[PDB]
Amino acid sequence: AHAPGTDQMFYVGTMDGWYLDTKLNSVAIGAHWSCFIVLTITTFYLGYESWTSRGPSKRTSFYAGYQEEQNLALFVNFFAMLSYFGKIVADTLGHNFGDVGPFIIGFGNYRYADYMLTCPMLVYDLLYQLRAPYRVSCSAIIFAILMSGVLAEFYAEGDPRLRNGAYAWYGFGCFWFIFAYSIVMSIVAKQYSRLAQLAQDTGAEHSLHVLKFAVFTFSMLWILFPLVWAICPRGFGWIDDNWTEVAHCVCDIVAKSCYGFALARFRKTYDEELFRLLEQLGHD
Amino acid sequence: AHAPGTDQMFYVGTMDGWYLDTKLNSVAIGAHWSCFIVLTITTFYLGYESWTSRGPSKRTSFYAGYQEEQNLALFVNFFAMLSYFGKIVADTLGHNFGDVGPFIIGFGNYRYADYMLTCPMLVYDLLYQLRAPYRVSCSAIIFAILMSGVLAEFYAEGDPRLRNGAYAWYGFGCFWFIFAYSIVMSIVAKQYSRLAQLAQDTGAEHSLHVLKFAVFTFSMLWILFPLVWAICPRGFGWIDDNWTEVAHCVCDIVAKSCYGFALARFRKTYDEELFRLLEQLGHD
Amino acid sequence: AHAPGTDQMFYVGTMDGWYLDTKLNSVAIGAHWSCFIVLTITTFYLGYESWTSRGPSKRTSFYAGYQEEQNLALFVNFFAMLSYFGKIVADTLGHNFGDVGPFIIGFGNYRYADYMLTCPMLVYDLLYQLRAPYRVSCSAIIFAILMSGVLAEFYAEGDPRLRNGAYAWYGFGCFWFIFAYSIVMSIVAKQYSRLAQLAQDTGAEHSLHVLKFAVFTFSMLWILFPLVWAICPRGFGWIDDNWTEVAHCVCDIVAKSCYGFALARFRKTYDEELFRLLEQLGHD
Ligand SMILES: CCCCCCCC/C=C/CCCCCCCC(=O)OC[C@H](COP(=O)(O)OCCN)OC(=O)CCCCCCC/C=C/CCCCCCCC
Ligand SMILES: CCCCCCCC/C=C/CCCCCCCC(=O)OC[C@H](COP(=O)(O)OCCN)OC(=O)CCCCCCC/C=C/CCCCCCCC
Ligand SMILES: CCCCCCCC/C=C/CCCCCCCC(=O)OC[C@H](COP(=O)(O)OCCN)OC(=O)CCCCCCC/C=C/CCCCCCCC
Ligand SMILES: *C/C=C(C)/C=C/C=C(C)/C=C/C1=C(C)CCCC1(C)C
Ligand SMILES: *C/C=C(C)/C=C/C=C(C)/C=C/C1=C(C)CCCC1(C)C
Ligand SMILES: *C/C=C(C)/C=C/C=C(C)/C=C/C1=C(C)CCCC1(C)C
């Protein structure tokens, strides 16, 4: 695209950049391959869990087929796998894939466009395990934060005259992220405190450790993405574009595959009394 | 973009127009600033209402955290605020923002693309307060009407050879809007008649006035947008592009901030018997 | 759009191709007109059914207004009608409409972008009539399959250097479609077997034939779209672009209008005992 006063052309948001050669090296391609393999393995594992999912009473046959929120995490990983498959295809074809081509929500050709579909599901899935309030609200504010990140990505890669819009959108997203982070931390802490005080001398002591570790760790590790934005060339630039892909791949692996495996480990050890305590949680 | 037979270039739907200088004057920028400030204030007020929201019985602590439909209106305003923040950013950067750049649903860089996310929520939120039937259907038809408006906006700003497509899409949207308008008016009138005949000699006479005023006024004031389309340069052209932004800002302010404040005023005066009458409404 | 090493320009995903003259003949325009007329007639018929919809007991007045899943099929046809109206407009204006212009989900300017909104609703609506499990999962995997088809359409129409990406995306979609097809066939067969063994000596023998024919026929006829992709120029090329539009129009007519008419025929002959058997289906 052309801009007034400059002879340089900008390929962000155009199909002209879609036909350009790739700018990545072997490290980024290897990171994409590793992330795709991990996501595929986790997707198959969660699908096998969903197929052979007896309930907490181990009596219902297709428990996940009727209570489909249990499949929610699986959905995330599945879509994540899709968002990486195209990257692999681009890496095999050798054409440019970063912030170029059509804008589709749920596809990873833009930096935070793929996260729009999966992150609200991640937040709702995490808040459900404690029967926490304000679940759809957190999902909506996370969707807004990701949209702000996408607009910042658009502003950063275009005309240098409009570079300051990226900082404004980043500040907007960071303000609302700090708000949502504080709300989520408070709600999760309160719900876990009530669950711990409801399960005294019950026998669910072993099954509480996995749930606590999962919810606290994978709710605290959501601050890595703003830090990656800060240290990548969008911010200070302490790392280059090739190591930003590796950081993003590691972040997705930790945030999705490990979280799904932790939920799968928790689901095979809890039973009826912990389930009824969880039901009692979301009523007072 | 290039068109056959003409040397002129069209910037609608391209990133070339994103880098162009802004075409607005001080009046439109002031209108955008006023709308953004009003939406931000209303969003904070509704968020404070949602945090400190005791139920109709004034016993449940996080009532809005579990019955999250009460937060629905808040969501609208929040997203509306986002749709104006970018406008402010453009006004601060001085680049063109109208019908240019990427097409994202929920962002206001296109005329009716931001309304796609929030208007169905507005319609469902308004129909819920009377426990009215046909709620998702009205939301879907409003989404279709907004999509028709977006296509008309695409056709109007492009090649003059294709100008008549805007009129066709406007006629499609107006036909379905007249249908939906009649259906909504009939349903709301019937539901309010039943509510009025259910609350004889109950004491909810004062609390009924606010609900009646809110639902009737903010369901009747939805016809302003087609009239603005008719009088703007898309239609007869009695006003210019700079005064169309002011009209749109006033329309959003009235349709969203006043409606949210009216719901907040209604929610703090109704109590258990009006709530159980509302519950009885949506059963026969 | 420009590509390195070639002087040829590619109009896929650009507004430059939106202003080009149409490439269709009278056959494709007639097919579009016929499909639009059929979809409009079916939409009006289903809307009249929804308005005058007494329940299975023939006592509830606005049964479809409160149980709105019954309107789901109607929604599909309505949106399908929208996706064809624009085509008609293009055919009346004479400008190019295939894989050009803005990318909007739910609009038919791209080959499988309109199906994204309606196909998951079709799958959920079909699985609900048997109270089958795994309804949202099938809808999500169908959405992913349609996204893969859209990416294949993008790769096929662009630079010949990137032609092999279309085959990769087609293989991805076909793999997941075979998986989903097998799952849906197994679930539907099991649910219908249980329904048949629950209705012995009941009198619902006549009302079972319509439901069986509808579900089996319109779940089996979903394999036509991959075959059309195989035989069109995207694959072997046994037919041209003008006869691909006719095949797609016939496929939409059969998959949507006939299915909606079959559901309308089934709904006016079943009564309370079949409804309670259907309720008992989705519990064990
Ligand atoms: C502006 C964006 C804001 C986004 C806010 C929301 C973010 C995403 C929220 C995800 C919501 C959860 C999706 C899945 C819900 C599934 C609920 C469910 O199946 O529970 C079971 C429940 C009841 O059980 P029965 O079937 O009766 O079984 C009884 C016999 N044992 O089943 C149902 O009734 C299902 C009815 C449909 C529920 C609504 C599903 C809507 C899904 C929308 C898409 C979800 C992802 C959206 C992502 C948004 C990205 C922009
Ligand atoms: C093609 C587009 C058509 C659009 C049609 C729909 C337009 C938007 C409709 C908005 C639907 C309402 C969204 C919010 C629903 C929230 C429901 C809810 O929370 O009610 C509470 C309810 C039950 O209460 P419990 O949590 O058990 O508490 C018991 C202890 N007291 O909670 C739930 O079960 C929530 C389950 C998830 C509900 C589904 C939410 C899906 C939201 C989808 C996005 C909504 C906006 C979509 C905009 C569309 C723009 C294209
Ligand atoms: C990533 C994409 C994955 C897509 C996965 C989902 C695909 C689409 C699934 C469609 C879900 C069904 C949509 C319609 C649900 C309507 C449910 C309903 O109305 O049931 C009635 C039910 C209960 O009855 P009452 O009103 O109490 O009446 C009592 C007095 N008799 O009413 C409700 O509570 C409605 C609450 C809202 C339900 C949630 C609706 C959300 C709709 C989201 C959009 C649906 C299409 C999405 C298409 C996706 C394309 C990307
Ligand atoms: C699987 C992916 C996950 C959990 C992604 C989470 C992403 C975020 C929390 C992103 C946050 C952002 C901001 C707070 C500011 C603006 C830019 C973002 C998108 C990096
Ligand atoms: C907060 C915004 C609201 C309530 C917007 C409402 C908008 C409409 C009712 C728009 C209607 C249109 C038509 C009926 C015809 C075609 C164009 C539109 C988009 C102006
Ligand atoms: C009303 C429209 C319907 C029911 C459409 C159904 C479409 C499909 C089942 C499409 C499937 C595809 C594949 C399996 C592979 C890749 C390309 C598609 C989109 C043709």
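Residues numbered from 1 in each chain as written, not as in the entry; some residues may be left out. Chains lettered and ligands numbered in written order. Heavy atoms only, no water.

The record lists cryo-EM as the method behind this PDB entry and 2.74 Å as its resolution.

> Lay out the site of ligand 5 in plain terms, naming residues and giving numbers.
Residues and elements named next belong to chain B. Neighbouring ligand 5 are 13 residues; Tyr112, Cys119, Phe177, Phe225 and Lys256 lie closest to it. Isolated, ligand 5 exposes 540 Å² of accessible area, and the fraction of that covered by the protein chains is 97%. Those elements that provide at least two residues to the shell around ligand 5 are helix 4 (115-128), helix 5 (135-156), helix 6 (164-198) and helix 8 (224-231). For the shell around ligand 5, a count of residues per class yields ten nonpolar, two polar and one charged. (Near = heavy atom within 4 Å. Areas by Shrake-Rupley, 256 points an atom, 1.4 Å probe, with all protein chains shown as cover. Helix = DSSP H or I, 4+ residues; strand = E, 2+ residues; numbered from the N terminus. Nonpolar A, V, L, I, M, F, W, Y, C, P; charged D, E, K, R; others polar.)

> Describe the interface of chain B and chain A, with residues and values.
Taken together, the 35 residues of chain B in the interface contact 41 residues of chain A. The tally of links from chain B across to chain A stands at one salt bridge. Taking the shortest distance from any N to any O, the salt bridge between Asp21 of chain B and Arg161 of chain A comes out at 3.3 Å. Joining chain B to chain A, the criterion identifies nine residue pairs in polar contact. When contributions to the side of chain B that touches chain A are tallied by element, the ones reaching two or more residues are helix 1 (26-51), helix 2 (63-66) and helix 3 (72-93) of chain B. For the side of chain B that touches chain A, the leading source of residues is helix 3 of chain B, giving ten residues. Split into classes, the residues belonging to the side of chain B that touches chain A amount to 25 nonpolar, seven polar and three charged. (Contact = heavy atoms within 4.5 Å. Salt bridge = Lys/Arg side-chain N within 4 Å of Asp/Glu carboxyl O. Polar contact = N/O pair within 3.5 Å; in protein donor to acceptor, adjacent residues only side chain to side chain.)

> Can you explain the relation of the copies chain C and chain A? Please cite residues and give values.
Once turned by 120° and shifted 0.0 Å along the axis, chain C lies on chain A with an RMSD of 0.0 Å. The superposition of one copy onto the other is thereby described by a three-fold rotation axis. Among all C-alpha atoms of chain C, that of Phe103 of chain C lies closest to the rotation axis, at 4.3 Å. Interface overlap between copies is the fraction of interface residues in one copy that are interface residues in the other; for chain C against chain A it is only 2%, indicating separate surfaces. (Least-squares fit on C-alpha atoms.)

> Please give an account of the environment of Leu281 of chain A that cites residues and values.
Assignment of secondary structure puts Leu281 of chain A in helix 10 (residues 272-281). For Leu281 of chain A and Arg131 of chain A, which are 150 residues apart along the polypeptide, the C-alpha to C-alpha distance reads 6.2 Å. Those residues in contact with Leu281 of chain A that sit more than four places away from it in its chain are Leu130, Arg131, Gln191, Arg194, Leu195 and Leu198 of chain A together with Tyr66 of chain B.

> Residue-level account of the side chain of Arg131 of chain A, with values.
With respect to the helices and strands, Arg131 of chain A occurs in the loop between helix 4 (115-128) and helix 5 (135-156). Classification of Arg131 of chain A as buried rests on a relative accessible area of 10%. Not counting residues up to four positions away in its chain, the partners in contact with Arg131 of chain A are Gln191, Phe275, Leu278, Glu279, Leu281 and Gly282 of chain A together with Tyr66 of chain B. (Buried < 20%, exposed > 50% of the residue type's maximum accessible area, 1.4 Å probe, protein only.)

> Pulling in residues and values, what's your account of the site of ligand 6?
All names here are of chain C. Around ligand 6, a shell composed of 13 residues is seen, among which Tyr112, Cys119, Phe177, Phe225 and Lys256 lie nearest. For ligand 6, whose accessible area on its own is 540 Å², the fraction buried by protein is 97%. Counting residues per element, the ones that place at least two in the shell around ligand 6 are helix 4 (115-128), helix 5 (135-156), helix 6 (164-198) and helix 8 (224-231). Its residues assigned to classes, the shell around ligand 6 comprises ten nonpolar, two polar and one charged.

> How would you summarise the interface of chain C and chain A if you had to cite specific residues and measurements?
The interface is formed by 40 residues belonging to chain C together with 31 residues belonging to chain A. At the surface where chain C touches chain A, the tally comes to one salt bridge. Our enumeration of links across chain C and chain A arrives at eight residue pairs in polar contact. Mapped onto the side of chain C that touches chain A, the elements with two or more residues apiece are helix 5 and helix 6 of chain C. In terms of residue count, the dominant contributor to the side of chain C that touches chain A is helix 5 of chain C (twelve residues). Considered class by class, the residues forming the side of chain C that touches chain A number 24 nonpolar, nine polar and seven charged.

> Account for unusual backbone geometry, naming residues and giving values.
Look at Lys58 of chain A: it is not a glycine, yet its phi comes out positive at around 55°. Following the sequence through the fold, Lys58 of chain A ends up in the loop between helix 1 (26-51) and helix 2 (63-66).

> Just give me the short version of a nonpolar patch on the surface, but keep the residues and values in it.
Taken together, the side chains of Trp33, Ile37 and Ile41 of chain A make up a nonpolar region of the molecular surface, amounting to roughly 300 Å² of accessible area. Following the sequence through the fold, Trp33 of chain A ends up in helix 1. (Patch = residues over 30% accessible without salt bridge, like charges linked within 9 Å, V, L, I, M, F, W, Y side chains within 5 Å.)

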